[PDB]
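To find a chain, count down the sequence lines: A is the first, B the second, and so on, and within it residues start at 1. Just so it is clear, the values below take in all heavy atoms, side chains as well, and ignore hydrogens, waters and symmetry mates.
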Amino acid sequence: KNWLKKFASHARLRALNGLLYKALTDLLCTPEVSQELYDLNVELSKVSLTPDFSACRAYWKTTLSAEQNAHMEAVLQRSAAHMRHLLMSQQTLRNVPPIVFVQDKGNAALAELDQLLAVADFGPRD
Amino acid sequence: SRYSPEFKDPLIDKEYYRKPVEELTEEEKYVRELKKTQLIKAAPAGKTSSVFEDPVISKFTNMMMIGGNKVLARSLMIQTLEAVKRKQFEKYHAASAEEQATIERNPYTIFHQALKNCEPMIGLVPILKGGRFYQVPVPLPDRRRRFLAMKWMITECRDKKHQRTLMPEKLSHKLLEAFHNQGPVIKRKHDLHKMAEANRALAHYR
Amino acid sequence: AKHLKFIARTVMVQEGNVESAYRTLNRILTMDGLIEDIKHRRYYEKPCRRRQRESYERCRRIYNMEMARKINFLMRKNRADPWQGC
Amino acid sequence: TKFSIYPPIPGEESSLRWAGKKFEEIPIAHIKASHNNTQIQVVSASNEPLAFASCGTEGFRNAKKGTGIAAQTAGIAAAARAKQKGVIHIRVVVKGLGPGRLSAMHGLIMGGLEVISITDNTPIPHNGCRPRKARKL
Amino acid sequence: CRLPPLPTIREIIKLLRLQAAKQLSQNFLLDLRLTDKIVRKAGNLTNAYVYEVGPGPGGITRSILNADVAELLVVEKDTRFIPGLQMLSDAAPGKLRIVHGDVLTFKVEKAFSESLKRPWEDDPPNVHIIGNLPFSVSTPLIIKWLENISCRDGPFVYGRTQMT
RNA sequence: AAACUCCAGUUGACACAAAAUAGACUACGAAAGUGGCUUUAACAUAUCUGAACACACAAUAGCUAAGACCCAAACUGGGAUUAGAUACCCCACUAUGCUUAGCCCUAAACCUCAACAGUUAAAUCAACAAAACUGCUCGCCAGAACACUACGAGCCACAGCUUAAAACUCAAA
Ligand SMILES: [K+]
Ligand SMILES: [Mg+2]
Ligand SMILES: [Mg+2]
Ligand SMILES: [Mg+2]
Ligand SMILES: [Mg+2]
Ligand SMILES: [Mg+2]
Ligand SMILES: [Mg+2]
Ligand SMILES: [Mg+2]
Ligand SMILES: [Mg+2]
């Protein structure tokens, strides 16, 4: 179909989010996407579909190191399109919106609070 | 502000300038040479190169101020320091031979340690999101906890249940209590660390 | 079923490194195309869709290789300017 | 001697031994990692069942069966009941690409068994039966 | 008669607390001329007793009321349209009886008087059913009413009641 | 949740079903189509063009007789779901997808490019598509809608297929 020129030129939402989360975890479980992505051991927290189905935000858990965070971000952004293609080719969903990988830092508050709470002085009776 | 943005704050430290040129690193040498070009604000009334200058006590005195009356605030501070010193000497004379090694008589050490014993490490931020109000724990910055220690001490010493007891005497008693991890200010720190322990689950609302 | 067991798709553990053996097995199954076959066989892909997908993949690979070749060929010129100023 | 990634051949004599036994005498842990369940069966080299554990036999119900923790618990239970019959070394045969593919092996290791080889036996037809249609979600 | 205005689609959206024109999941006939045409094809309704199903906004209800009916029984499943139908009833005193319930389970044989019951062999018994329901509900309803006609019970205790 | 518990796991025996990888190949056939292995037959024509109807073929769906039935699956039941739920998810199971002998004769049956022969020089050339043309032949087309329609005729087709109008209307399409 002249490929050269082509290249040259709500309850439902929750079920879809759960399905996409499972599919994305299973995709990241192997070197199917890429060996470099597989070696990074990316863990996903959740998947959120925008109300108009215009983007799929996959929230990935960040680590403590910053160079590793930047590298994982770069690899995920470079691999998003291939993962979308795989999701549509495996017929998990007939149409998948563009995949956006967003960092998740919610657990940082709990982590730091517990760290300080360990060394805090509550005095008598705790 | 009557000062131009060009004006930089002065550095009153007296031993900083006496540093031999050999000890200066190239960054420090560059900074010193830069300071020649810059305009410097007039050093405010207050901090001095005096060897007895103590910024913490100066801040405490400024926080006790009412209506710009610095003479009276400093009078109360020096009276408190003298009262603490005299009480420590009185307890030192009447102490046994072995108990005189564990009595601190320096009122400055007592003041600093008492304020350090009242600093909370975790505090709360008032946040209403879902139509109902929610406290959430947060880590307090060092400045914030240093401020809270002094504010709690002053508010406790300004209580009305102390009828006709003069401020230097009240403050000396509270400082000597907090030096030994006692009193209502330490209890206020503990009731904050505990009531922020009861709300760890809300910490995900940050 | 009729074949001998413990020959196909079998990996030995080196010095008790079970994780490394499992990851090596995952790599072998991936590059042999077995993982994609298993995942694509879960639901039936219609023949027209299958043909379109293969055509798209082949032409995507060809186009990407040509673009990479062009970029690498033109990379040689990316050096310091020898006639700076003029 | 260079380590051989390839398994030993029954015919070709080899020096590799595990507690005095040859490769073809080691017990086999069969893991079936489905999408909603993981089942582990330990059998002897002569195909005599020694232990069995699934996520459902360990109390997990409905969606909780299809998690890593449930498969790990099933692996630990199978490893305990196989240890009680003299099993130390095992050959792992994994079938399926479910969530418990690796967690079951982890549970077996934490239960005390030593994995000497990993084999994949996931069913791959050479285009036999027709799969079901895609879900129109 | 002075009847209140037909609700607009914006008012319907706000009443259903949807805040959008995409989550409606329902179609309405908010044109009184088409409803007049439908009620005209339903026949002569002068001093007739009409059983209305699935009114919603009430265009069919208004068109029936404009026809000189005797009493209009209106069964609605969604409570949120009941205030509008109550305003309609206040406009027309005594001509409108609003009931909340499912048409699939509502019992019509008791609604009207027993003096309207005519023999099966006679003409239709001055009782009419009119309905613009969701297409997911009209097929079960017509199957149920076909069974009732076979048994000459339910809405057809009154006789050969006509349906539109 | 229903369903099954004559259930499930290992091992052994075991299709009238479908043919991983090779294939990142681009082949064969008039087209439709054709991608597991072996063997037997076997892929017209030494000018070209030449048919709605002549003579032979035509994916999928559909219909007669018989058979096979793993899996899939229009319909048909059941489970779960808002406030008129999910047509959509889950379970079970038909016609049908398969073989044999006959029908039916339709596709975005498309490279949306009629067959043969020739040219690359010209102003290349409305646009886009797929560079622009020449010779010769057959087929077809002359505003829109009425109309993949009505009537007539033909057909193993019986509200089916092929051929295919007119009136009224409009200034557009
Ligand atoms: K085409
Ligand atoms: Mg010819
Ligand atoms: Mg002709
Ligand atoms: Mg055919
Ligand atoms: Mg057929
Ligand atoms: Mg069948
Ligand atoms: Mg021709
Ligand atoms: Mg015309
Ligand atoms: Mg016709």
Pick north or south for the sugar of [N]; the rule is positive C1'-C2'-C3'-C4' for north, negative for south.
N      : result
F/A56  : north
F/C16  : south
F/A147 : south

Would [N] and [M] count as a stacked step, six-ring centres under 5.5 angstrom and planes under 30 degrees apart?
N      : M      : result
F/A46  : F/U47  : no
F/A157 : F/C158 : yes
F/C69  : F/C70  : no
F/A107 : F/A108 : no
F/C111 : F/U112 : no

- prompt: Just checking, C/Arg23 and A/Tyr38: is the charged tip under 6.0 Å from the six-membered ring centre and within 45° of the axis?
  reply: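 Output yes; distance and angle both within limits.
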Just checking: is there a Watson-Crick or G-U wobble pair between [M] and [N], both distances under 3.5 Å?
N      : M      : value
F/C63  : F/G102 : yes
F/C161 : F/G154 : yes
F/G33  : F/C28  : yes
F/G97  : F/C71  : yes
F/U40  : F/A65  : no
F/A32  : F/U162 : no
F/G23  : F/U11  : no
F/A95  : F/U163 : no

- request: Starting from the 5' end of RNA chain F, give me the residue, A/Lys5 or D/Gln41, whose nearest nucleotide shows up first.
  value: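 Result: D/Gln41.
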Counting only pairs under 3.5 Å, give me each side-chain donor-acceptor contact of residues 93-112 of chain D, with atom names and distances, residues two or more places apart or in other chains.
{"from": "D/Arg101", "atom 1": "NE", "to": "C/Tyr22", "atom 2": "OH", "distance (Å)": "3.4"}
{"from": "D/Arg101", "atom 1": "NH1", "to": "D/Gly96", "atom 2": "O", "distance (Å)": "2.6"}
{"from": "D/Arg101", "atom 1": "NH1", "to": "D/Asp120", "atom 2": "OD1", "distance (Å)": "2.9"}
{"from": "D/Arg101", "atom 1": "NH2", "to": "D/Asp120", "atom 2": "OD1", "distance (Å)": "2.8"}
{"from": "D/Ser103", "atom 1": "OG", "to": "D/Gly68", "atom 2": "O", "distance (Å)": "3.4"}
{"from": "D/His106", "atom 1": "NE2", "to": "C/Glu19", "atom 2": "OE1", "distance (Å)": "3.2"}
{"from": "D/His106", "atom 1": "NE2", "to": "C/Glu19", "atom 2": "OE2", "distance (Å)": "2.5"}

- prompt: Quick one: which of A/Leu19, A/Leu93, A/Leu24 gives a side chain to side chain contact (heavy atoms under 4.5 Å, CB included) with A/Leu87?
  reply: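 For A/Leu87, the side chain to side chain contact (heavy atoms under 4.5 Å, CB included) test succeeds with only one of A/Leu19, A/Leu93, A/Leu24, which is A/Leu24.
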[X] [atom1] to [N] [atom2], straight-line distance once rounded to whole Å:
X        : N     : atom1 : atom2 : answer
C/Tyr44  : F/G97 : OH    : P     : 15 Å
D/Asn121 : F/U10 : CG    : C1'   : 11 Å
D/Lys32  : F/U10 : NZ    : P     : 6 Å
D/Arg132 : F/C91 : CZ    : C1'   : 9 Å
C/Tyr43  : F/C71 : OH    : P     : 18 Å
D/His30  : F/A8  : NE2   : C1'   : 15 Å

task: Report yes if some heavy atom in the side chain of C/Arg9 is under 4.5 Å from a heavy atom in the side chain of C/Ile28; otherwise report no.
output: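 Side-chain contact under 4.5 Å: no.
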field: Syn/anti state for F/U26 [syn: chi within 90° of 0]
entry: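 With its glycosidic angle within 90° of zero, F/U26 counts as syn.
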Sugar-phosphate only, base, or nothing, as touched by [X] at under 4.0 Å among non-hydrogen atoms:
X       : answer
C/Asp37 : sugar-phosphate
D/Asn62 : sugar-phosphate
A/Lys1  : nothing

message: Could you work out, with salt bridge (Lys or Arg N to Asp or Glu O under 4.0 Å) as the rule, every residue matching C/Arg69, not counting sequence neighbours?
response: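 C/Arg69 satisfies salt bridge (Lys or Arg N to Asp or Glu O under 4.0 Å) with C/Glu66 once adjacent residues are dropped.
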Set of salt bridge (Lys or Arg N to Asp or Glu O under 4.0 Å) partners for C/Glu54, sequence neighbours left out: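 Counting only residues at least two positions away or on another chain, C/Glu54 forms a salt bridge (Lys or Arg N to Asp or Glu O under 4.0 Å) with C/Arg50.
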Which protein N or O atoms sit under 3.5 Å from an N or O of nucleotides 81-88 of chain F?
{"from": "F/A83", "atom 1": "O2'", "to": "E/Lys77", "atom 2": "NZ", "distance (Å)": "3.3"}
{"from": "F/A83", "atom 1": "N3", "to": "E/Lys77", "atom 2": "NZ", "distance (Å)": "3.2"}
{"from": "F/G84", "atom 1": "OP2", "to": "E/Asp78", "atom 2": "OD2", "distance (Å)": "3.3"}
{"from": "F/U86", "atom 1": "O2", "to": "A/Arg12", "atom 2": "NH2", "distance (Å)": "2.6"}
{"from": "F/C88", "atom 1": "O2", "to": "A/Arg12", "atom 2": "NH2", "distance (Å)": "3.4"}
{"from": "F/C88", "atom 1": "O2", "to": "D/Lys136", "atom 2": "O", "distance (Å)": "3.3"}
{"from": "F/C88", "atom 1": "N3", "to": "A/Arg12", "atom 2": "NH2", "distance (Å)": "2.9"}

query: Is there a donor-acceptor contact under 3.5 Å from the side chain of C/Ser55 to the main chain of C/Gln52?
result: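 No.
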query: Do NZ/NE/NH1/NH2 and the carboxylate oxygens of A/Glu36 and A/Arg78 come within less than 4.0 Å?
result: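 Salt bridge between A/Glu36 and A/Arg78, a charged N being under 4.0 Å from a carboxylate O: yes.
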Pair partner, [N] [Watson-Crick or wobble, under 3.5 Å]:
N      : answer
F/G139 : none
F/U134 : F/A117
F/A150 : none
F/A172 : none
F/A92  : F/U76

- prompt: Hey, does the side chain of D/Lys133 come within less than 4.0 Å of F/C71's phosphate (OP1/OP2), counting only N and O?
  reply: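 D/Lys133 to F/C71 OP1/OP2: no side-chain N or O under 4.0 Å.
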message: On the nucleotide F/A129, are OP1 or OP2 found under 4.0 Å from the side-chain N or O atoms that A/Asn2 carries?
response: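 For F/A129, OP1/OP2 do not have a side-chain N/O of A/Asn2 under 4.0 Å.
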Short heteroatom pairs, N/O only, protein and nucleotides 111-113 of chain F, under 3.5 Å:
none

message: Which residues pass the side chain to side chain donor-acceptor pair (under 3.5 Å) test with C/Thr24, not counting sequence neighbours?
response: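 Applying side chain to side chain donor-acceptor pair (under 3.5 Å) to C/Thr24 gives none.
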- prompt: Residues in side chain to side chain contact (heavy atoms under 4.5 Å, CB included) with C/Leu74, at least two apart?
  reply: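 In terms of side chain to side chain contact (heavy atoms under 4.5 Å, CB included), with neighbours along the sequence ignored, C/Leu74 is linked to C/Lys70, C/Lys77.
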Qualifying residues under side chain to side chain contact (heavy atoms under 4.5 Å, CB included), relative to D/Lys133, sequence neighbours excluded: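 In terms of side chain to side chain contact (heavy atoms under 4.5 Å, CB included), with neighbours along the sequence ignored, D/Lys133 is linked to D/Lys136.
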field: Residue pairs passing the salt bridge (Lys or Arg N to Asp or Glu O under 4.0 Å) test where at least one lies in residues 29-42 of chain C, sequence neighbours excluded
entry: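 Every pair satisfying salt bridge (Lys or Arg N to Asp or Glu O under 4.0 Å) with a residue in residues 29-42 of chain C: A/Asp26-C/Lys39.
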task: Sequence neighbours left out, what pairs pass side-chain hydrogen bond (donor to acceptor under 3.5 Å, both in side chains) with at least one residue falling in residues 34-45 of chain D?
output: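 Of all non-adjacent pairs touching residues 34-45 of chain D, those that pass side-chain hydrogen bond (donor to acceptor under 3.5 Å, both in side chains) are D/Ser44-D/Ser46.
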- prompt: Mind checking the P distance from F/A17 to F/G97? Whole angstroms is fine.
  reply: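 To the nearest whole Å, 14 Å.
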Do any N or O atoms of the protein come closer than 3.5 Å to N or O atoms of nucleotides 14-18 of chain F, and which pairs are they?
{"from": "F/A18", "atom 1": "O2'", "to": "D/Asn127", "atom 2": "O", "distance (Å)": "3.0"}
{"from": "F/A18", "atom 1": "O2'", "to": "D/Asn127", "atom 2": "OD1", "distance (Å)": "2.7"}
{"from": "F/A18", "atom 1": "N3", "to": "D/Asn127", "atom 2": "O", "distance (Å)": "3.1"}

Could you list the protein-to-nucleotides 22-26 of chain F atom pairs, N/O on both sides, closer than 3.5 Å?
{"from": "F/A24", "atom 1": "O4'", "to": "C/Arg61", "atom 2": "NH1", "distance (Å)": "3.3"}
{"from": "F/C25", "atom 1": "OP2", "to": "C/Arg58", "atom 2": "NE", "distance (Å)": "2.7"}

